[PDB]
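Protein chains in written order, with the authors' numbering: chain A, 789 to 1640; chain B, 789 to 1682; chain C, 1338 to 1436; chain D, 1487 to 1536; chain E, 1039 to 1137.
Have a look at the structure below before the remarks.
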């Protein structure tokens, strides 16, 4: 919460108090209630637009350090999933000059929740034991549509591993979040088309079109009509079979049964079939491309403009070839002639409306010729071509139908929610901040720095270095479980079950899917994740080089252990073991928001263990760093992405070092902590260098002792912010010499991204739109860092810490923060009559809030 | 009430006593409290027989300060909704020089009463799960003429919020409020046409005509016969579908089902479809007009004036285009061919009886060409033109039956009543006051000041700055709930239910919905609202220029709070939260009128809270101010809208500072409070300025301390009124310096609007029709304001405070009466003999339906028997429960 | 009474003569059709055919008296030379049949 | 209170004997269908005595 | 079309002297009505008996509209315990009655 008075600063929680474990079960933090913070804002200059197209921004009144007022100043929402591929330059569309982003994943086996045999599979094995010949006769088949010999052979295997549905549901969530873009233009806010490209203004009149393989540059098209995998290249292969007798051996163990429940899940069974086929092959099968009409800032230069969705770039699975088995209409022995095969099956697979040109061209809507036992030549299709035909017909309400059916056949409530969490955590992305003295800045148009971007985890994204298809050495970003085809076959036939596979009412599918607001809710759900990682990284002052070099040669002992426990270093078989210090981040999340992240159960040694997206990232990335104007990299600060007001304003509780500065010109304006709090100044007056009250040294005064680093102390960080927020901070060491990290041109601090204004809005003023909490304490050399001011500059702030003076700093006028008059002609403290008449009600509201 | 003696004003309740929280249940304010006082009609009467065309004034005898009695003195009913677009000028009717008023709404989703899935949905899920054993794609799940694949997708992924229905009911109520003008002239007030145009006279014999897009000036016709939306400037689109498949992928998620339960009348059902379509598209779809015959004050010159209803200019945002998915007549395979479709649609839509031009021209009565798979081309209509054609065909009596069937599906009683409260709050409107010495005044004809107007909340109404269609959106004035298509689809098909949505009888529809008297009755419901807001703003002394700049100013910390807390701009747990000081006005209302305002619930984490229309206004507007006789603005007063006789003759109980001056009775007349009351006189360096007994803190604050402002004190306010009501007050600083705010020409007070007289009436005299209570105390720059008199002028009033002298005053000669509530139900109804012959059967069949929401005679115990594998049915492993809020628990840590 | 020129009382009056109500999968009987069935049973000492129907678990008989639909036009007398006259309440048959 | 206009929402009450008397007036050859003041009603009427 | 198809039990086909007629009557029984406009014709004459002739009348029952389902698939019993027919002669000889 933002603060009206300095009394609200002193009484704030300490960091260790919030990093503490909490026992109580909580609730998911859906974007539907994060929605209400952007709307329902204080301010009289604000037209309260109803369309979600305009509700994309943090609007508010602001108050200057000099005591002036500014109305309806703006702060852009940081996150997006769209990467531009046609940047405007000189007010005209121009082909991009920068290579595409990429993500990877280490899929893992899921041994947790091993399956139990049904009484059906039990009696089947008994019949195999006692050698009951009749039960697997040649022409016996179930109403399911599969013949008995196949069931008797699928049952014979013993499997240790359980079933997951994680990568499956994850691919469905990714396709969903791509298809959501195609919904009404009013249902999608414009800020999302102008986070990376600040010179572009989308049109409300015409919907974004969702194409595929249309990118202009760097081999992005992946062959067009001839579709090919973006990752590694090549075409896959697909074959439809009525029986496992037909599938080639050395291929049999891999073949997947397709239950009838899948094929009756939609208006067009070939489409449900195609969507299941997408569901268990490699992703992306192609590069999807959102296209949108946009115009000039003056409206002068309209045109279509291309965007590549982030979801389209993540790489998961990658199984290349697949054999699908299908139900049959009639109780008949396995087909021998071709016509007897084609007429036999429940549905006859075919390409969708879009055509393809390849060595194996597919005419639009072409029928597939089913395989049979006596066939002179085995039959097969290219996979990327196959899915390419149907790439145009997936649709979010159809996916909704499909999901209701899956929810009915087997549980989907929780797993889809966790998969959705992974989707947000991986596919939401913000540009690195540029440094400035004022409220707004951005990097020059069509530049490598314009397109640098980071995860919510404050890890920079990997960027491709060559034309598609890529042929990389893998660099996985985080673990996920794999969906096992064999266990799926054991379950689809009623042969087996698992403790989390319980069937559910269709109405229980989580409400996100099939809803057109889903994109906006994605963007919103991304912010709290950054708040938890940010408060993790800012509590200790480690510089961005000290993290970047912490997994390479320039490491310390302490940086070694430090990077080691942030991430999922550990690798037990068939498991994902959580980071030791990811738990602290989950605690911060639960204490600062009174809500909880999605869990996945996982067992080790018979011990149960929850795991969250906080606990399953992988080490070796590069961290967020600020740029200088003119693009020079600077990496002194601890890593950052987003402006302080987001942190201060969405949280219910925050640690003391992070609070907003109270408004200028009041009694109880910003102050500081001194000797009584147990702090001590470091003077260096011989060189004009004076530094705040700080923690008493513990043999760590100039070099830290080996294996140790800076200690948590809020009040000292607060003082460091007070020194920084003056205009001339100087980052030196104990002797007053330069440190190895690059430093901002003097007085600059990182600041939020510029976007074009609407009518009646203002650019943010002063330090209202800036990171401030990013204070250095530990350099890559192992030395301490000190923030200095000259002896003359340093006198007022020292009086403030001493509490014999006040300081003047700018602030948002939101909630209970009111502007302070220059005089302060105070009267006797007096409760207002209206405040007493309406106090109980005000208590009832707060009680209702606490209850939840 | 009016006071009889000074003993009664001296014993009147304090303001804080009336603003206390009250815990008792109270009946709705039907507006008939005012009817039995200003009208012949005590009890019932037929509207035709009563001539309420002439029942449009406050009447009575008046007593003057000089001792004379003026019989048959009169006062106008302040409020209206009609806006002239042609003003009489120089006895000759002419085009308006001034642009039209506009209004904006902030529509949005909020948590409502918690929602739960029904038994019918469980049966459907079990039908699907059981269907999974057989390689047959089959259609067991069809309901009410809908495709089996559609019921499956309407049964998925429910939204926690709940369901509202409010914006729907707003659009319906606004429409009704407009069509109610269409009834005969005998039962609409004469005054209603002449609140703003005081020089015109309506003719009783001929009814008003309601048209569309007819206006002469500023492009008000929205393309005329070829229409466009008045605000967006665009044109909509509408398409009808037998099944959801034919809907383009760009918008399959926004589709709305049109349940068969409406259209069950043998009354034209093609119109009921149009009125379902109207209540979910953007409003207004066109600018309605009321044309009425009128004449000159001499009766000499006659003509047809044009008016715009205030309901027709308020913008409820929403959906330009609609896919309406129609029920199938006969259960059947999906109509792959056309003749299978049309001969099987339960209704086949066609345009209403009016022609339209432009692209996609529509001949009258034209038939829509149905959409089905494999069709040669897609077909749709512009919706502005489709709605333009039915626009002349709706009427009060059909809206009543429509809503009567609508009530059978979902309860609509309390929700509609609250929507009607919003209707009255946003549509009733009054002109700004003119200062004078005497009892009447009005602004010059066809002037900008003549047409300037305000809400019952003392906030001004904004004007358009360019010809329609408007190129750019105005700021929101108030925020309302929205109605989700998704959970609408779930609720209409019986798949979901909430405690606010329990079905009701067609007789439960509130009386206003049917009657021709409804316009008059809406006109009477806005007065208590101003009385509440007036007592609120007048309890403190803050001036108009001071409210006007308050939200931002840095001169004083207290003032910023005092405005920030009166508007609804706060939230928690994803829902709206009521304005903190709106509750004061609500309490003030309940305590003065002994009636309860209509409210709606918001669920904060499952805890319901009541929001009233007092609590949902938004910042931005200018506040209400009086004009000089010459048209110059006057800033110095607190906000005012109406003469105080209205405030003080229609309240059961009243604040002390606002009571009427008592009648002369022998020696006694009027009197003032002194130091025995805790008060004390202000004096300065000047020896020729005297200010009344006031607070003791008044001695120590030429400027209020920051964080503090003037406090409630009835008696000092009373004394301030005594200084003001002398003909020669002076508005000045602690030192006797001029304040920055514009002040009236000397000795003048704001006074109520002039209207033409009937034979035998007299104009109000002196201060009988003035506002008096608006006593300034807080200046724009933080100074106190003092009311001064010169010494010689000062002597009699001070002795009147000392109870040793008396001050003459005028009064109405009216006694006090205040009725117990006329009706409990909120709906009129009378037993007929047949209602008694057939009583018990109705009484239990009714209750047997109210519990029957989402029930079918087949129970789970029967449909289990048909199931293949009962343990694996989701209804077994998932007994259903009410969803929690903000969201139901997911992924619990074991 | 089912078109524009309606009253309140004509509104309720036509509303309860007929089967206005529409619960799912059912035909709910008119409130005042029951009076007509009572007249039938008292004046003839005989009963009309029933169909059972359930709502809310409540049983409900229904008869052709209870299942007509609103919006028709009523019997009216003609003048000689064919002029329509509609002052009388609706009629079809001579009194002696009734008596 | 239903002498010339019925009060809103109410209509004529059942009373047999009055209907009997109305039949007695009708079965004479010259009945005249008017209102309380003796003015014509809006319904079309039979040529006299029919 | 499968979910709509109606089985015709043998009980229907042995309900009359000509099974094709019972079949036709069941088919009338579950499709749309009227399937045509039936016409009663009767000789009539003048009041004086002067002008005899046939005269046409349309029954009221023929004008009521009910149902209206348009297309129908009827399933029929087979004479012998045999697997589903594959040749045409094997189909025609198979069924209980040939429509």
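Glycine included, C-beta positions come from ideal geometry on N, C-alpha and C.
Positions of the alpha helix (DSSP H) runs, each at least 4 residues long and wholly inside the stretch 1394–1469 of chain B, are given as 1432–1437 in order along the chain. Burial is judged here by how many other beta carbons sit within 10 angstroms of a residue's own beta carbon; residue 1065 (chain A) has at least 16 and is buried. Counting only Cβ-Cβ distances below 8 Å, residue 1453 (chain B) has no contacts in chain D at all, with the closest Cβ about 41 Å away. Taking CB atoms only, residue 1116 (chain B) has no neighbour in chain C less than 8 Å away. Contact between residue 1359 (chain B) and residue 828 (chain A) is confirmed by a C-beta separation of about 4 Å, below the 8 Å threshold. Nearest CB-CB separation between residue 1361 (chain C) and chain B: below the 8 Å threshold. In this structure, DSSP gives residue 1630 (chain B) a helical state, which the three-state scheme calls helix. With contact defined as three or more Cβ pairs closer than 8 Å, the stretch 971–988 of chain B and the stretch 1159–1179 of chain B are not in contact. Residue 1391 (chain C) is outside the set of residues whose beta carbon lies under 8 Å from a beta carbon in chain D. Per DSSP, residue 1318 (chain B) is not a residue of any beta strand (DSSP E); the alpha helix (DSSP H) it occupies stretches across 1315–1327. Contact check for residue 1298 (chain A) and residue 1351 (chain A): beta-carbon distance about 35 Å, past the 8 Å limit, so the pair fails to qualify. Beyond the five residues adjoining it in sequence on each side, residue 1416 (chain C) comes within less than 7 Å, by CB distance, of 1422 in the same chain, given in chain order.
Taking a cut-off of 8 Å on C-beta distances, the stretch 1104–1123 of chain A touches the stretch 933–941 of chain A, as three or more cross pairs fall below it.
By the 16-neighbour rule on beta-carbons within 10 angstroms, residue 1511 (chain D) is exposed. Along the stretch 1399–1420 of chain B, going in chain order, the ones with a CB nearer than 8 Å to a CB of chain A are 1406, 1407 and 1408. Within the stretch 1369–1383 of chain C, those residues whose Cβ lies closer than 7 Å to any Cβ of chain B are, in chain order, 1369, 1371 and 1372.
Separation of residue 824 (chain A) and residue 1262 (chain B) (C-alpha to C-alpha, rounded to the nearest whole angstrom) is 22 Å. Only exposed fits residue 812 (chain B), as fewer than 16 other CB atoms lie within 10 angstroms of its CB. Residue 1265 (chain A) and residue 1494 (chain B) have their C-alpha atoms some 57 Å from each other. DSSP places residue 1310 (chain B) in the uninterrupted alpha helix (DSSP H) bounded by 1306–1312. Residues of the stretch 1183–1204 of chain B that bring their beta carbon within less than 8 Å of a beta carbon in chain C comprise 1183, 1185, 1186, 1188, 1189, 1192, 1193 and 1196, in sequence order.
When Cβ-Cβ separations below 8 Å define contact, residue 1040 (chain E) makes contact with chain B. Around residue 1431 (chain B), the same chain offers 863, 866, 1539, 1540, 1557, 1558 and 1559 as residues with beta carbons nearer than 8 Å, after the five sequence neighbours per side are excluded. As DSSP reads the structure, residue 915 (chain B) sits in no beta bridge. Residues of the stretch 834–852 of chain B whose Cβ lies closer than 9 Å to any Cβ of chain D, in chain order: 834, 835, 836 and 837. The count of Cβ pairs closer than 8 Å, one atom from the stretch 937–947 of chain B and one from the stretch 901–917 of chain B, reaches three, so the stretches are in contact. Annotated as proximal: residue 1310 (chain A) and residue 1212 (chain A), with beta-carbon spacing under 8 Å. Residues of chain B with a Cβ closer than 9 Å to the Cβ of residue 1527 (chain D) do not exist; the shortest Cβ-Cβ separation is about 14 Å.
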